[PDB]
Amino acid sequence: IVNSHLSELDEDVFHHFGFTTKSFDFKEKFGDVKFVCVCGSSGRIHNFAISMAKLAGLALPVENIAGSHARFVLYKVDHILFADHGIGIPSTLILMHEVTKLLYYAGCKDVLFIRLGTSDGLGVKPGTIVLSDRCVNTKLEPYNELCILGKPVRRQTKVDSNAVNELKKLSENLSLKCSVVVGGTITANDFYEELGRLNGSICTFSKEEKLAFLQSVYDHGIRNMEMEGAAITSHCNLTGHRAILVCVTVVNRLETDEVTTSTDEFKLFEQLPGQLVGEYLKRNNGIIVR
């Protein structure tokens, strides 16, 4: 389904990328894109892009395509786009609207979005990669909820189960220094109270209450929790694209709220999704290997 209103526009402005439809020949510039890789940090996604450029053997430094005074960054390495989405569903939806419009104007069909994130784990050790087979909200329902013109709307979430399976199989043939698990993911709007953290500035529950909640979701098949998945996976489904989440876990919340703060091992954890995804991209014609 296509937004019929876009045909009504003579020029369209990407407010959060700092460019318009007059800035490029979108079809020429982006027409070959088949993957969009995203996470919450501009520095981290820039580093993954650089890392993909190295894999592709690409000699030109990776530079921002978005305007430098704009909110979000955008990089391109061969048939892959890279962008940040900031923290949370509202920020992410802005990015989803603007990138999926870009893809539309460029004629890109059936693109795979890959969120490479960090996440809280449940019942897996820190450093585990979780491939989302399912994304649910804090009510454990597979929907993203919105309120549009004041009326409640629910949009079903969906992940690319074929891609999940391919990544699972790839991980078995790689030698990654971690475990890879297929399981469900909770998206929340609050890093603290909605994820059952006891150490916000406000907390209306006990340790037992938090544990009862998290154990129940574990036994529902949830293995991690983050803040954007609902949004990405519901949005792609409606705009005709595919989505997966590939997130490393940085704490086992069934045991603690605190991340064992080895500054080295957190950066270690952060690299794991890219190692797996980079190879998937290389094996699925995301890049030219120079």
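The first residue of the shown sequence is 1; numbering continues from there.
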For 48 to 56 versus 224 to 232, entry-based mean Cα B-factors point to 48 to 56
With B-factors read from the PDB entry, the higher C-alpha mean of 203 to 211 and 186 to 194 is in 203 to 211
Listed options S119, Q156, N173, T138: highest C-alpha B factor recorded at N173
Comparing against every modelled residue in the chain, figure out the third that the C-alpha B-factor of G127 lands in (lowest, middle or highest). highest
Chain-wide C-alpha B factor ranking for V164, given as lowest, middle or highest third: middle
Split the chain's modelled residues into thirds by Cα B-factor; is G67 in the lowest, middle or highest one? middle
Third of chain Cα B-factors occupied by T260: highest
Sorting the chain's modelled residues by C-alpha B-factor, tell me whether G240 ends up in the lowest, middle or highest third. highest
